[PDB]
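Let me begin by presenting the structure, written as structure tokens, before commenting on it.
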Amino acid sequence: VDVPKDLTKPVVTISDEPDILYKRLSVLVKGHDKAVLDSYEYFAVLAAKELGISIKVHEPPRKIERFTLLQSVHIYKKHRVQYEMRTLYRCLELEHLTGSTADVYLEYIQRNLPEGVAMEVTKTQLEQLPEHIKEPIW
Amino acid sequence: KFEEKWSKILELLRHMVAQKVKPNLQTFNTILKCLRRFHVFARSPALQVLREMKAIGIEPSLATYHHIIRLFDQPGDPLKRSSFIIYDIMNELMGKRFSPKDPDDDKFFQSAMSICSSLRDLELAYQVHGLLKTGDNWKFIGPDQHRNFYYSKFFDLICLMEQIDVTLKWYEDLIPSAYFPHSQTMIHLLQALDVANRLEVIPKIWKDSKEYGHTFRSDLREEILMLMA
Amino acid sequence: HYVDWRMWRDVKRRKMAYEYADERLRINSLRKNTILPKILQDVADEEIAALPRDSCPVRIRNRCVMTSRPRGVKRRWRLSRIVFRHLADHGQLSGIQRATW
Amino acid sequence: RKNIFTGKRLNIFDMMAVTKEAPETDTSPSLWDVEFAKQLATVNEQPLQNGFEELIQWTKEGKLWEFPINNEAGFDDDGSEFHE
Amino acid sequence: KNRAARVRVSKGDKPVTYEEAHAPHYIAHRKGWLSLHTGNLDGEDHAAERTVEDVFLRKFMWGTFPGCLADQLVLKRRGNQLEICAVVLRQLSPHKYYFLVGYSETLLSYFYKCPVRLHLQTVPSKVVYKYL
Ligand SMILES: [Mg+2]
Ligand SMILES: [Mg+2]
């Protein structure tokens with residue numbers, strides 16, 4: 001019964017400047033854990049579908065970094081402890097986005113990026129020829 | 001006496017106009033706050049001050065109406081004038097989003113709910129609460145002790161004046177998420193359950209009472225046992 | 001409050017080297033070319049040699065930040081092999097596990 | 001059956017059509033004006049209601065990063081141009 | 001014989017938690033990591049500064065809540081935020097817990113220049129995984 005009667009919606013103002021056009025966003029995410037990347041992918045794909053974005057997902061090959069250390073504090077060189085760090089990847093490729101749409105989606109998924117997961121977002125921006133290049137001056 | 005003080009105040013207002021000084025919202029709010037001393041003599045003058053605000057263009061804030069209802073709401077059984085004021089104020093304030101204008105803006109809702117309990121009008125209380133829930137008006141409820149009083153008066157009026165089925169819905173929403181009940185409000189809820197002949201809930205009320213720090217309240221323990229037996 | 005006097009000496013070397021880095025870079029540029037006259041390059045040779053010894057970056061040592069061990073340090077974590085293993089074997093380094101393959 | 005807003009009013013103050021055309025924005029506020037503006041904040045002050053509100057408060061305070069993440073947020077090289 | 005982070009069998013009367021009962025070769029098989037950040041991912045920077053911060057935080061919390069911690073901390077980093085998840089005991093009064101949470105969250109935010117939160121989970125007693 002105790003429900004807010006009216007809700008103040010955040011103000012979004014349509015500007016008079018043309019929006020940016022993104023041909024592609026390549027959202028690569030790195031994580032030590034594969035199950036966490038699977039859950040994040042399900043989140044990001046579901047979010048894209050509900051917002052009308054075209055998303056294609058593929059898994060880049062994992063990278064394992066291995067290094068060796070001495071096992072004992074003193075002498076006993078033959079004995080070593082070997083450690084590794086596994087970096088798993090998931091590449092979420094959006095297409096045909098606009099500056100406003102990209103901003104909203106990126107903020108939403110980046111705020112919900114789980115601990116221990118990094119991101120690299122490559123934004124391809126469609127542009128027009130500069131005015132100077134339209135014709136030669138000489 | 002009031003008449004002399006009123007003449008003095010009016011003289012300052014005439015000095016203010018003479019010096020080309022335009023009154024702000026606080027100018028009128030202090031007059032109303034000052035007019036609280038002479039409670040029965042300032043009622044009509046206070047209404048004149050409010051009518052002057054609207055004409056000039058100064059928009060009454062929540063503090064302005066807080067002072068008015070406090071002035072008009074003195075310990076009297078009829079509450080005939082108070083009845084008219086609160087109903088008219090609520091009609092004006094319906095669906096109005098407020099912003100902080102006067103330091104006393106936070107004191108309106110507790111005073112409005114207090115009058116609704118005195119008049120024992122549940123429909124008016126729902127209008128007052130409705131105003132609190134519109135937009136961001138919930139932020140004007142005030143400090144903790146204000147919030148507890150507002151909700152104590154509000155829930156005590158629900159239990160008394162509303163069906164038990166709806167009272168239990170309000171009970172679940174407000175407690176513990178909105179406030180922690182006073183031992184007296186559990187007694188009112190028990191009395192509401194009695195009137196409704198729904199005594200299968202009494203064991204639950206005891207469990208909740210123990211969880212809200214009323215395990216060792218003598219008054220509450222005696223009421224439950226008496227009702228059950 | 002540094003681990004030992006050796007760490008404290010390296011702390012001072014890193015500080016002095018930072019303070020003199022620009023001056024040392026400018027003078028070395030004068031020396032590391034065949035364009036400028038050799039007479040000028042000889043004066044620059046003396047000037048950089050007269051700078052305080054602890055400004056020379058080659059004197060800095062990458063010691064373990066926790067124990068001051070001068071060798072066996074992993075540069076990515078700046079920790080000695082003994083201290084790194086203590087943290088790794090207790091599961092306190094994000095994403096670092098024992099390697100078996 | 002009479003509304004409280006309709007009736008006799010005090011006519012001392014004449015109806016002000018408009019407010020002051022230009023306020024003294026250049027003049028700094030006095031201690032009284034600053035202190036009064038702090039009390040207007042107090043009437044609306046409430047405890048954080050949920051997690052989203054905490055994030056909003058930090059964002060306004062500048063404690064939390066602004067999303068989407070920009071790696072040059074708050075750093076400009078003295079507004080220098082590429083040709084410089 | 002290997003020694004690293006192994007609780008050694010006794011007469012069957014030593015209670016061990018789930019964390020301390022698993023040797024280092026289980027760190028990605030049966031137990032997880034007590035800290036999650038991006039420093040140690042491929043191509044990521046500042047692993048050293050994240051590590052020093054973790055070592056300090058574990059010592060700060062051990063001395064700030066003396067005798068209260070029932071297991072190891074779980075340090076979480078999301079963007080700018082730092083979240084400390086601590087499993088504490090139900091011996092210290094709640095008033096003292098609230099004081100220490102407000103004190104530690106403020107003191108650590110000013111020290112590491114970031115929003116820091118402390119999430120306490122209370123247990124009646126230390127959770128015993130097995131008796132070694
Ligand atoms: Mg060297
Ligand atoms: Mg061996």
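Residue numbering restarts at 1 for every chain of the structure tokens, chains are lettered A, B, ... in their displayed order, and ligands are numbered from 1 as they appear.
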
To check your reading of the model: which residues sit at most 10 Å from ligand 2 when counting only C-alpha atoms and all ligand atoms? Write the answer as a list in words.
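Checking only C-alpha atoms and all ligand atoms against ligand 2 at 10 Å gives residues 71, 72, 76, 78, 79, 80 and 81 of chain A; 1 and 2 of chain E.
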
Residue subset to file, keeping N, CA, C and O atoms, as a PDB file, in the first residue's frame:
```pdb
ATOM      1  N   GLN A  71      61.979 -23.119  -4.433  1.00  0.00           N
ATOM      2  CA  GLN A  71      61.076 -23.635  -3.411  1.00  0.00           C
ATOM      3  C   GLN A  71      61.628 -23.400  -2.008  1.00  0.00           C
ATOM      4  O   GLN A  71      60.879 -23.052  -1.090  1.00  0.00           O
ATOM      5  N   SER A  72      62.931 -23.583  -1.823  1.00  0.00           N
ATOM      6  CA  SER A  72      63.554 -23.418  -0.518  1.00  0.00           C
ATOM      7  C   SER A  72      64.103 -22.005  -0.350  1.00  0.00           C
ATOM      8  O   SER A  72      64.386 -21.299  -1.318  1.00  0.00           O
ATOM      9  N   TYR A  76      69.356 -25.793  -2.523  1.00  0.00           N
ATOM     10  CA  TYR A  76      68.385 -26.703  -3.135  1.00  0.00           C
ATOM     11  C   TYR A  76      67.825 -26.117  -4.430  1.00  0.00           C
ATOM     12  O   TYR A  76      66.619 -25.914  -4.586  1.00  0.00           O
ATOM     13  N   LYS A  78      67.645 -27.411  -7.423  1.00  0.00           N
ATOM     14  CA  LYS A  78      66.876 -28.323  -8.266  1.00  0.00           C
ATOM     15  C   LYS A  78      65.377 -28.257  -8.001  1.00  0.00           C
ATOM     16  O   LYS A  78      64.592 -28.704  -8.844  1.00  0.00           O
ATOM     17  N   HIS A  79      64.961 -27.724  -6.858  1.00  0.00           N
ATOM     18  CA  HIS A  79      63.567 -27.754  -6.431  1.00  0.00           C
ATOM     19  C   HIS A  79      62.931 -26.388  -6.651  1.00  0.00           C
ATOM     20  O   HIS A  79      63.439 -25.375  -6.161  1.00  0.00           O
ATOM     21  N   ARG A  80      61.820 -26.368  -7.385  1.00  0.00           N
ATOM     22  CA  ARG A  80      61.192 -25.132  -7.827  1.00  0.00           C
ATOM     23  C   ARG A  80      59.691 -25.207  -7.597  1.00  0.00           C
ATOM     24  O   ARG A  80      59.100 -26.290  -7.598  1.00  0.00           O
ATOM     25  N   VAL A  81      59.079 -24.044  -7.398  1.00  0.00           N
ATOM     26  CA  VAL A  81      57.628 -23.901  -7.382  1.00  0.00           C
ATOM     27  C   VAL A  81      57.246 -23.059  -8.590  1.00  0.00           C
ATOM     28  O   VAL A  81      57.796 -21.970  -8.793  1.00  0.00           O
TER      29      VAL A  81
ATOM     30  N   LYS E   1      59.655 -32.592   2.686  1.00  0.00           N
ATOM     31  CA  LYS E   1      58.217 -32.389   2.806  1.00  0.00           C
ATOM     32  C   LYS E   1      57.859 -30.922   2.614  1.00  0.00           C
ATOM     33  O   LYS E   1      58.583 -30.034   3.057  1.00  0.00           O
ATOM     34  N   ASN E   2      56.734 -30.675   1.953  1.00  0.00           N
ATOM     35  CA  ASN E   2      56.263 -29.315   1.747  1.00  0.00           C
ATOM     36  C   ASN E   2      55.611 -28.776   3.015  1.00  0.00           C
ATOM     37  O   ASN E   2      54.938 -29.499   3.754  1.00  0.00           O
TER      38      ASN E   2
END
```

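Residues of protein, DNA or RNA having any atom at most 9 Å from ligand 1, counting only C-alpha atoms and all ligand atoms, are residues 57, 58, 59, 60, 61 and 62 of chain C.
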
Pick out the chain B residues within 6 Å of chain A. Count only C-alpha atoms. Give them as a short mmCIF file (atom, residue, chain, number, x, y, z; two decimals) with N, CA, C and O atoms, in the first residue's frame.
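Result file part31.cif:
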```
data_model
loop_
_atom_site.label_atom_id
_atom_site.label_comp_id
_atom_site.auth_asym_id
_atom_site.auth_seq_id
_atom_site.Cartn_x
_atom_site.Cartn_y
_atom_site.Cartn_z
N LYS B 133 4.39 11.31 -0.38
CA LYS B 133 4.91 10.31 -1.31
C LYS B 133 5.08 10.83 -2.73
O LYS B 133 5.75 10.17 -3.53
N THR B 134 4.50 11.98 -3.07
CA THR B 134 4.65 12.52 -4.41
C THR B 134 6.06 13.07 -4.60
O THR B 134 6.57 13.82 -3.76
N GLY B 135 6.68 12.71 -5.72
CA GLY B 135 7.99 13.25 -6.05
C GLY B 135 8.99 13.00 -4.95
O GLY B 135 9.17 11.87 -4.48
#
```

Each chain C residue no farther than 7 Å from chain E, nearest pair in Å, only C-alpha atoms, as a Markdown table:
```
| residue | atom | partner | partner_atom | distance |
| --- | --- | --- | --- | --- |
| C:76 | CA | E:48 | CA | 6.3 |
| C:77 | CA | E:48 | CA | 4.3 |
| C:78 | CA | E:48 | CA | 6.2 |
| C:89 | CA | E:24 | CA | 4.8 |
| C:90 | CA | E:5 | CA | 6.2 |
| C:91 | CA | E:33 | CA | 5.0 |
| C:92 | CA | E:34 | CA | 5.2 |
| C:93 | CA | E:35 | CA | 6.4 |
| C:94 | CA | E:36 | CA | 5.2 |
| C:95 | CA | E:40 | CA | 6.5 |
| C:97 | CA | E:27 | CA | 6.0 |
| C:98 | CA | E:25 | CA | 5.9 |
```

Of E:94, E:79, E:67, E:15, the one nearest to chain D when counting only C-alpha atoms is E:79

Nearest to residue 62 of chain A, chosen from A:35, A:88, A:28, A:113, with only C-alpha atoms counted in the distances
A:88

Using only C-alpha atoms, what table do you get, as CSV, when you list each residue of chain D with an atom no more than 10 Å from chain E, its nearest pair of atoms, and their distance in Å rounded to one decimal, rows by chain then rising number?
```
residue,atom,partner,partner_atom,distance
D:55,CA,E:115,CA,9.9
D:58,CA,E:115,CA,7.8
D:62,CA,E:114,CA,9.9
D:63,CA,E:115,CA,6.2
D:64,CA,E:80,CA,6.2
D:65,CA,E:80,CA,6.3
D:66,CA,E:80,CA,9.9
D:69,CA,E:79,CA,9.2
```

Residues of chain B near chain D: apply a cut-off of 9 Å, count only C-alpha atoms, and supply the list as a PDB file with C-alpha atoms, in the first residue's frame.
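Okay, iface.pdb is ready:
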```
ATOM      1  CA  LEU B  10       1.660  46.691  10.699  1.00  0.00           C
ATOM      2  CA  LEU B  13       5.255  46.746   7.240  1.00  0.00           C
ATOM      3  CA  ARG B  14       4.337  50.349   6.432  1.00  0.00           C
ATOM      4  CA  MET B  16       9.074  48.566   4.836  1.00  0.00           C
ATOM      5  CA  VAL B  17       6.888  49.864   2.002  1.00  0.00           C
ATOM      6  CA  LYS B  22      10.200  44.257  -0.924  1.00  0.00           C
ATOM      7  CA  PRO B  23       9.155  41.526   1.545  1.00  0.00           C
ATOM      8  CA  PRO B  45      -5.238  38.216  11.057  1.00  0.00           C
ATOM      9  CA  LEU B  47      -5.368  34.315   7.396  1.00  0.00           C
ATOM     10  CA  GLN B  48      -5.128  37.903   6.151  1.00  0.00           C
ATOM     11  CA  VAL B  49      -1.337  37.555   6.093  1.00  0.00           C
ATOM     12  CA  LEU B  50      -1.656  34.378   4.022  1.00  0.00           C
ATOM     13  CA  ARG B  51      -4.090  36.051   1.624  1.00  0.00           C
ATOM     14  CA  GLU B  52      -1.630  38.931   1.240  1.00  0.00           C
ATOM     15  CA  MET B  53       1.193  36.552   0.296  1.00  0.00           C
ATOM     16  CA  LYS B  54      -0.775  35.015  -2.572  1.00  0.00           C
ATOM     17  CA  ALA B  55      -1.748  38.444  -3.913  1.00  0.00           C
ATOM     18  CA  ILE B  56       1.814  39.794  -3.849  1.00  0.00           C
ATOM     19  CA  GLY B  57       3.095  36.632  -5.545  1.00  0.00           C
ATOM     20  CA  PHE B  84     -11.860  23.944   7.664  1.00  0.00           C
ATOM     21  CA  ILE B  85      -8.239  25.131   7.573  1.00  0.00           C
ATOM     22  CA  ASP B  88      -8.554  23.827   2.508  1.00  0.00           C
ATOM     23  CA  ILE B  89      -4.769  23.674   2.925  1.00  0.00           C
ATOM     24  CA  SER B  99      11.691  22.603  -2.578  1.00  0.00           C
ATOM     25  CA  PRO B 100      13.486  23.864   0.546  1.00  0.00           C
ATOM     26  CA  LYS B 101      12.555  27.517   1.053  1.00  0.00           C
ATOM     27  CA  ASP B 102      12.301  28.076   4.826  1.00  0.00           C
ATOM     28  CA  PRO B 103      14.190  26.352   7.675  1.00  0.00           C
ATOM     29  CA  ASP B 104      10.818  25.257   9.112  1.00  0.00           C
ATOM     30  CA  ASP B 105       9.706  23.380   5.982  1.00  0.00           C
ATOM     31  CA  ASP B 106      10.462  20.055   7.689  1.00  0.00           C
ATOM     32  CA  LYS B 107       7.867  20.602  10.447  1.00  0.00           C
ATOM     33  CA  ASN B 137       8.404  15.365  -0.743  1.00  0.00           C
ATOM     34  CA  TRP B 138       9.410  12.425   1.466  1.00  0.00           C
ATOM     35  CA  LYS B 139      12.646  14.288   2.259  1.00  0.00           C
ATOM     36  CA  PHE B 140      10.714  16.911   4.270  1.00  0.00           C
ATOM     37  CA  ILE B 141       9.639  14.443   6.979  1.00  0.00           C
ATOM     38  CA  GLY B 142      12.437  15.773   9.178  1.00  0.00           C
ATOM     39  CA  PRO B 143      14.774  14.374  11.833  1.00  0.00           C
TER      40      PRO B 143
END
```

What's the 9 Å shell around segment 34-48 of chain C, counting only C-alpha atoms, without same-chain residues fewer than 5 positions away, as a list in words?
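Result of the neighbour search: residues 23, 24, 27 and 28 of chain C.
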
I need the residues from that last selection saved to file as an mmCIF file, in the first residue's frame (with C-alpha atoms), if you can.
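Produced file selection-v4.cif, reproduced below:
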```cif
data_model
loop_
_atom_site.group_PDB
_atom_site.id
_atom_site.type_symbol
_atom_site.label_atom_id
_atom_site.label_comp_id
_atom_site.auth_asym_id
_atom_site.auth_seq_id
_atom_site.Cartn_x
_atom_site.Cartn_y
_atom_site.Cartn_z
ATOM 1 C CA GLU C 23 69.999 18.018 -15.481
ATOM 2 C CA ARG C 24 71.669 14.665 -16.168
ATOM 3 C CA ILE C 27 74.156 17.134 -20.149
ATOM 4 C CA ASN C 28 74.212 13.590 -21.538
#
```

Output as number ranges by chain the set of chain A residues within 9 Å of chain E, with distances taken over only C-alpha atoms.
A: 30-32, 63-65, 85-87, 110-118

Could you take the residues named above and write them with C-alpha atoms, as a PDB file, in the first residue's frame?
```
ATOM      1  CA  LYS A  30      39.441 -10.062 -19.159  1.00  0.00           C
ATOM      2  CA  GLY A  31      38.983 -12.303 -16.137  1.00  0.00           C
ATOM      3  CA  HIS A  32      40.711 -15.068 -14.231  1.00  0.00           C
ATOM      4  CA  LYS A  63      46.520 -16.524 -22.182  1.00  0.00           C
ATOM      5  CA  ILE A  64      48.428 -18.411 -19.463  1.00  0.00           C
ATOM      6  CA  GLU A  65      51.554 -16.791 -17.988  1.00  0.00           C
ATOM      7  CA  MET A  85      48.114 -16.506 -14.063  1.00  0.00           C
ATOM      8  CA  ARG A  86      45.227 -17.357 -16.397  1.00  0.00           C
ATOM      9  CA  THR A  87      43.599 -14.528 -18.372  1.00  0.00           C
ATOM     10  CA  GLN A 110      30.759  -0.821 -16.803  1.00  0.00           C
ATOM     11  CA  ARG A 111      29.102   0.055 -13.493  1.00  0.00           C
ATOM     12  CA  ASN A 112      28.184  -3.640 -13.220  1.00  0.00           C
ATOM     13  CA  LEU A 113      31.628  -4.940 -14.160  1.00  0.00           C
ATOM     14  CA  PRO A 114      32.378  -7.599 -11.507  1.00  0.00           C
ATOM     15  CA  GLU A 115      35.451  -7.390  -9.304  1.00  0.00           C
ATOM     16  CA  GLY A 116      38.490  -8.915 -10.976  1.00  0.00           C
ATOM     17  CA  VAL A 117      37.258  -8.227 -14.525  1.00  0.00           C
ATOM     18  CA  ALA A 118      38.844  -5.555 -16.726  1.00  0.00           C
TER      19      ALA A 118
END
```

Going by DSSP on the backbone, which residues of segment 2-129 of chain A come out as strand (DSSP E)? List them as a CSV table (one decimal) with N, CA and C atoms, in the first residue's frame.
```csv
chain,number,residue,atom,x,y,z
A,21,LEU,N,28.2,8.8,-34.4
A,21,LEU,CA,27.8,7.5,-35.0
A,21,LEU,C,29.0,6.5,-34.8
A,22,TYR,N,28.7,5.4,-34.2
A,22,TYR,CA,29.7,4.3,-33.9
A,22,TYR,C,29.4,3.2,-34.9
A,23,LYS,N,30.4,2.9,-35.7
A,23,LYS,CA,30.2,1.7,-36.6
A,23,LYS,C,30.3,0.4,-35.7
A,24,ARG,N,31.2,0.3,-34.8
A,24,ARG,CA,31.4,-0.8,-33.9
A,24,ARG,C,31.9,-0.4,-32.6
A,25,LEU,N,31.4,-1.1,-31.5
A,25,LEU,CA,32.1,-1.2,-30.2
A,25,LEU,C,32.6,-2.6,-30.0
A,26,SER,N,33.8,-2.7,-29.7
A,26,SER,CA,34.4,-4.0,-29.3
A,26,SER,C,34.7,-4.0,-27.9
A,27,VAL,N,33.8,-4.6,-27.1
A,27,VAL,CA,34.0,-4.6,-25.6
A,27,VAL,C,34.7,-5.9,-25.3
A,28,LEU,N,36.0,-5.9,-25.1
A,28,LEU,CA,36.7,-7.0,-24.6
A,28,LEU,C,36.8,-7.0,-23.1
A,29,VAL,N,36.6,-8.1,-22.5
A,29,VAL,CA,36.7,-8.2,-21.0
A,29,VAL,C,37.6,-9.3,-20.6
A,30,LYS,N,38.5,-9.1,-19.6
A,30,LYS,CA,39.4,-10.1,-19.2
A,30,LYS,C,39.1,-10.5,-17.8
A,31,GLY,N,39.3,-11.8,-17.5
A,31,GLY,CA,39.0,-12.3,-16.1
A,31,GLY,C,39.7,-13.6,-15.9
A,54,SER,N,22.5,-4.4,-31.5
A,54,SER,CA,23.0,-5.6,-32.2
A,54,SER,C,24.3,-6.1,-31.7
A,55,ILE,N,24.3,-7.2,-31.0
A,55,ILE,CA,25.5,-7.7,-30.3
A,55,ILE,C,25.9,-9.1,-30.8
A,56,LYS,N,27.1,-9.3,-31.0
A,56,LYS,CA,27.7,-10.6,-31.4
A,56,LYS,C,28.9,-10.9,-30.4
A,57,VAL,N,28.9,-12.1,-29.9
A,57,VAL,CA,29.8,-12.5,-28.8
A,57,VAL,C,30.7,-13.6,-29.4
A,58,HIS,N,32.0,-13.5,-29.2
A,58,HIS,CA,33.0,-14.6,-29.4
A,58,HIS,C,34.0,-14.6,-28.3
A,63,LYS,N,45.1,-16.7,-22.3
A,63,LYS,CA,46.5,-16.5,-22.2
A,63,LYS,C,46.9,-17.0,-20.8
A,64,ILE,N,47.9,-17.9,-20.7
A,64,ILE,CA,48.4,-18.4,-19.5
A,64,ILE,C,49.9,-18.0,-19.4
A,65,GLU,N,50.2,-17.2,-18.3
A,65,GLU,CA,51.6,-16.8,-18.0
A,65,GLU,C,52.1,-17.6,-16.8
A,66,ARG,N,53.2,-18.3,-17.1
A,66,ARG,CA,53.9,-19.2,-16.1
A,66,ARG,C,55.3,-18.7,-15.8
A,67,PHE,N,55.6,-18.7,-14.5
A,67,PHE,CA,57.0,-18.4,-14.1
A,67,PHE,C,57.4,-19.3,-12.9
A,68,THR,N,58.7,-19.5,-12.8
A,68,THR,CA,59.2,-20.4,-11.8
A,68,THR,C,60.0,-19.7,-10.7
A,69,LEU,N,59.9,-20.2,-9.5
A,69,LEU,CA,60.6,-19.7,-8.3
A,69,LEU,C,61.2,-20.8,-7.5
A,70,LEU,N,62.2,-20.4,-6.7
A,70,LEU,CA,62.9,-21.4,-5.9
A,70,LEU,C,62.0,-21.8,-4.7
A,80,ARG,N,61.8,-26.4,-7.4
A,80,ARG,CA,61.2,-25.1,-7.8
A,80,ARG,C,59.7,-25.2,-7.6
A,81,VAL,N,59.1,-24.0,-7.4
A,81,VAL,CA,57.6,-23.9,-7.4
A,81,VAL,C,57.2,-23.1,-8.6
A,82,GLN,N,56.3,-23.6,-9.4
A,82,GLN,CA,55.9,-22.9,-10.6
A,82,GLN,C,54.5,-22.3,-10.4
A,83,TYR,N,54.3,-21.1,-10.8
A,83,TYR,CA,53.0,-20.4,-10.6
A,83,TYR,C,52.5,-20.0,-12.0
A,84,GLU,N,51.2,-19.7,-12.1
A,84,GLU,CA,50.6,-19.3,-13.3
A,84,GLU,C,49.5,-18.3,-13.1
A,85,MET,N,49.3,-17.4,-14.1
A,85,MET,CA,48.1,-16.5,-14.1
A,85,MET,C,47.3,-16.7,-15.4
A,86,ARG,N,46.1,-17.1,-15.2
A,86,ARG,CA,45.2,-17.4,-16.4
A,86,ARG,C,44.4,-16.1,-16.7
A,87,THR,N,44.4,-15.6,-17.9
A,87,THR,CA,43.6,-14.5,-18.4
A,87,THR,C,42.7,-15.0,-19.5
A,88,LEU,N,41.4,-15.1,-19.1
A,88,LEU,CA,40.3,-15.5,-20.1
A,88,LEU,C,39.6,-14.3,-20.6
A,89,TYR,N,39.1,-14.4,-21.9
A,89,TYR,CA,38.6,-13.3,-22.6
A,89,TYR,C,37.1,-13.6,-23.1
A,90,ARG,N,36.4,-12.5,-23.3
A,90,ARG,CA,35.1,-12.6,-23.9
A,90,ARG,C,34.9,-11.2,-24.7
A,91,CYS,N,34.7,-11.3,-26.0
A,91,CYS,CA,34.7,-10.1,-26.8
A,91,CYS,C,33.2,-9.8,-27.2
A,92,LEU,N,32.6,-8.8,-26.7
A,92,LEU,CA,31.3,-8.4,-27.1
A,92,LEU,C,31.3,-7.3,-28.1
A,93,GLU,N,30.9,-7.6,-29.3
A,93,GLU,CA,31.0,-6.7,-30.5
A,93,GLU,C,29.6,-6.1,-30.8
A,94,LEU,N,29.4,-4.9,-30.4
A,94,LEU,CA,28.2,-4.1,-30.8
A,94,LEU,C,28.4,-3.5,-32.2
A,95,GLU,N,27.3,-3.2,-32.8
A,95,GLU,CA,27.3,-2.6,-34.2
A,95,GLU,C,26.2,-1.6,-34.3
A,96,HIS,N,26.5,-0.6,-35.2
A,96,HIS,CA,25.5,0.4,-35.6
A,96,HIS,C,24.9,1.1,-34.4
A,97,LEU,N,25.7,1.6,-33.5
A,97,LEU,CA,25.3,2.4,-32.3
A,97,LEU,C,25.4,3.9,-32.6
A,98,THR,N,24.7,4.7,-31.8
A,98,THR,CA,24.9,6.1,-31.8
A,98,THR,C,25.5,6.5,-30.5
A,117,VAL,N,37.5,-8.2,-13.1
A,117,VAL,CA,37.3,-8.2,-14.5
A,117,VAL,C,37.6,-6.8,-15.1
A,118,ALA,N,38.5,-6.8,-16.1
A,118,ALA,CA,38.8,-5.6,-16.7
A,118,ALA,C,38.1,-5.4,-18.1
A,119,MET,N,38.2,-4.3,-18.7
A,119,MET,CA,37.5,-4.0,-19.9
A,119,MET,C,38.4,-3.1,-20.8
A,120,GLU,N,38.3,-3.4,-22.1
A,120,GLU,CA,38.9,-2.5,-23.1
A,120,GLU,C,37.9,-2.3,-24.2
A,121,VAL,N,37.4,-1.1,-24.4
A,121,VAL,CA,36.3,-0.8,-25.3
A,121,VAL,C,36.9,0.0,-26.5
A,122,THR,N,37.0,-0.7,-27.6
A,122,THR,CA,37.4,0.0,-28.9
A,122,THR,C,36.2,0.5,-29.6
A,123,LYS,N,36.2,1.9,-29.7
A,123,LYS,CA,35.1,2.6,-30.4
A,123,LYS,C,35.5,3.1,-31.7
A,124,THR,N,34.9,2.4,-32.8
A,124,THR,CA,35.1,2.9,-34.1
A,124,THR,C,34.0,4.0,-34.4
A,125,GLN,N,34.4,5.2,-34.8
A,125,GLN,CA,33.5,6.3,-35.0
A,125,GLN,C,33.5,6.6,-36.5
```

Provide the atom CA of residue 42 of chain B to atom CA of residue 112 of chain B distance in Å, to one decimal place.
19.4 Å

For segment 188-190 of chain B, find every residue with an atom within 9 Å (counting only C-alpha atoms), except residues of its own chain fewer than 2 positions away, and show them as a VMD selection string.
chain B and resid 155 to 156 159 to 160 167 to 168 171 184 to 186 192 to 195 199 201 to 202 205 223 to 224 227

Write out as a list in words which residues come within 10 Å of residue 4 of chain C when counting only C-alpha atoms, dropping same-chain ones fewer than 4 positions away.
residues 8, 9, 67 and 68 of chain C

Which residues are near segment 12-15 of chain A? Cut-off 12 Å, only C-alpha atoms, ignore same chain within fewer than 4 positions. Put them as a list in words.
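Final neighbour list, sorted by chain and number: residues 19, 100 and 104 of chain A.
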
Residues within 12 Å of residue 69 of chain C, please, as an MDAnalysis selection string. Count only C-alpha atoms; anything in the same chain fewer than 3 positions from it doesn't count.
(chainID A and resid 73) or (chainID C and resid 3:4 6:7 61:66 72:74 78:84)

Check: which chain A residues lie within 7 Å of chain D using only C-alpha atoms, as a ChimeraX atom specification
/A:103,106-107,110

Please produce an output containing C-alpha atoms for each residue in the selection, written as a compact mmCIF listing (two decimals), in the first residue's frame.
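As a result, part_35.txt now contains:
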```txt
# COMPACT_ATOMS: atom_id res chain seq x y z
CA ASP A 103 27.07 6.09 -23.57
CA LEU A 106 28.59 1.39 -21.62
CA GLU A 107 27.81 3.15 -18.33
CA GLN A 110 30.76 -0.82 -16.80
```

Check the DSSP output for the backbone and give back, as a ChimeraX atom specification, the residues of chain C in helix (DSSP H, G or I).
/C:5-31,38-49,53-55,57-59,81-89

Mind giving me the straight-line distance from atom CA of residue 108 of chain B to atom CA of residue 34 of chain B in Å, one decimal?
16.7 Å
